[PDB]
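*Asks:*
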Amino acid sequence: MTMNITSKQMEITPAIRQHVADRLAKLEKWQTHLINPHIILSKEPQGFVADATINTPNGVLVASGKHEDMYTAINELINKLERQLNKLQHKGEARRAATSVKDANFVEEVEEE
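Residue numbers (PDB author numbering): 1 to 113.
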């Protein structure tokens with residue numbers, strides 16, 4: 001977690017910086033790894049543009065949170081990211097029961113359908 005914050009025209013204010021910082025801090029222990037967390041917080045006419053692009057070992061967790069309230073953008077941002085994170089982490093549901101139980105979580109990608 002290098003914590004990369006690069007905004008467009010709307011620099012990082014003391015209030016906002018502390019906001020995202022606290023969020024990224026706790027989120028640093030999420031079931032991911034967050035290596036290259038690119039947090040881009042810009043100000044748009046019709047709402048704030050919270051573009052948080054995190055580089056996860058599985059891909060990239062892009063947290064998009066648009067809202068007139070800067071603090072609302074930070075919150076809503078971590079919300080969408082969390083949900084998207086849980087999904088990417090979802091990997092617990094093997095065909096149990098029957099005689100096909102004696103098989104650990106081996107190959108679950110590209111089965112049939």
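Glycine is no exception: its CB is placed at the ideal position from the N, C-alpha and C atoms.
#1: Using 8 angstroms as the threshold, is the segment 14 to 26 in touch with the segment 67 to 77, meaning 3 or more CB pairs across them?
#2: Find out if the Cβ-Cβ distance for the pair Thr-56, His-90 is shorter than 8 angstroms.
#3: If we count Cβ pairs, one from each stretch, closer than 8 angstroms, do we get three or more for the segment 31 to 47 versus the segment 3 to 18?
#4: On the CB-based measure, 16 or more other CB atoms within 10 Å of its CB, does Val-49 come out buried or exposed?
#5: Measuring straight from C-alpha to C-alpha, what distance separates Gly-92 and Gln-31?
#6: From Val-60 to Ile-12, what distance separates their C-alpha atoms?
#7: Check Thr-56 in the structure and name its three-state DSSP category.
*Replies:* Reading off the structure:
#1: Three or more beta-carbon pairs drawn from the segment 14 to 26 and the segment 67 to 77 are found closer than 8 angstroms, and the two stretches are therefore classed as touching.
#2: Position 56 of the sequence shown, counting from 1, holds the residue named residue 56. Position 90 of the sequence shown, counting from 1, holds the residue named residue 90. No; because the gap between Cβ atoms is not below 8 angstroms, this pair is not in contact.
#3: Between the segment 31 to 47 and the segment 3 to 18 there are three or more C-beta pairs closer than 8 angstroms, enough to call the two in contact.
#4: As a position in the sequence shown, residue 49 is number 49, starting the count at 1. Result: buried.
#5: Here residue 92 corresponds to residue number 92 of the sequence shown, with the count starting at 1. Here residue 31 corresponds to residue number 31 of the sequence shown, with the count starting at 1. Across the structure, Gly-92 and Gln-31 are spaced so that their CA atoms are roughly 14 angstroms apart.
#6: Working through the sequence shown from its first residue, we reach residue 60 at position 60. Working through the sequence shown from its first residue, we reach residue 12 at position 12. Straight-line Cα distance between these residues: approximately 23 angstroms.
#7: By 1-based counting over the sequence shown, the position of residue 56 is 56. Of the three classes helix, strand and coil, the one that applies to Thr-56 here is strand, per DSSP.
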